[PDB]
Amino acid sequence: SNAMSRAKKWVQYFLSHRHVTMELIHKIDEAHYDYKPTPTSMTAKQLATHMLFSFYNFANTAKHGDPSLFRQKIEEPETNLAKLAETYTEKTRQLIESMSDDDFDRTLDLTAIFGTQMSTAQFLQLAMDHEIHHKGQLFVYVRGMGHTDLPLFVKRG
């Protein structure tokens, strides 16, 4: 029988990147929450928050096959990035882990949003691309704040 479900594969793929995101987030102290590489860039706190919430929305939508969920506003009082990070990483992990293998084949009607329909797997690949994209930026932020010992962009696990 299969050693792992699709869900389990996606979760490992997710974590191989999100773990790095979290390592980077821990290098950001309150003093740099509002750091910006450029005058028109997001603050570090904005960037990190956007990554956590946006991915949660992708997973949430994917899990429930419901496109309306996608732009549902997340209101969270947490304030402390690191705690926020661990909270939403766990919520996101659990959503994905709870999916069946057919769920990944379900078609999502996203014309209203991406102007197109899409398999749940393509949709999740988009969420990954989005996370990897922003993590790349986060790398630049963190070096800008002066940190030089940075993790590999992706974890061997």
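From 1 onward, residues are counted along the sequence shown.
Averaged over CA atoms, B-factors in the entry run higher in 22-30 than in the other of 22-30 and 53-61. Legend: mean Cα B-factor per stretch from the PDB entry, 103-111 versus 122-130; the higher mean is in 103-111. Remark: residue 92 belongs to the lowest third of its chain, ranked by C-alpha B-factor as recorded.
For residue 11, the recorded CA B-factor ranks within the lowest third of the chain. Only modelled residues enter the ranking. Among all modelled residues in its chain, residue 145 ranks in the highest third by Cα B-factor.
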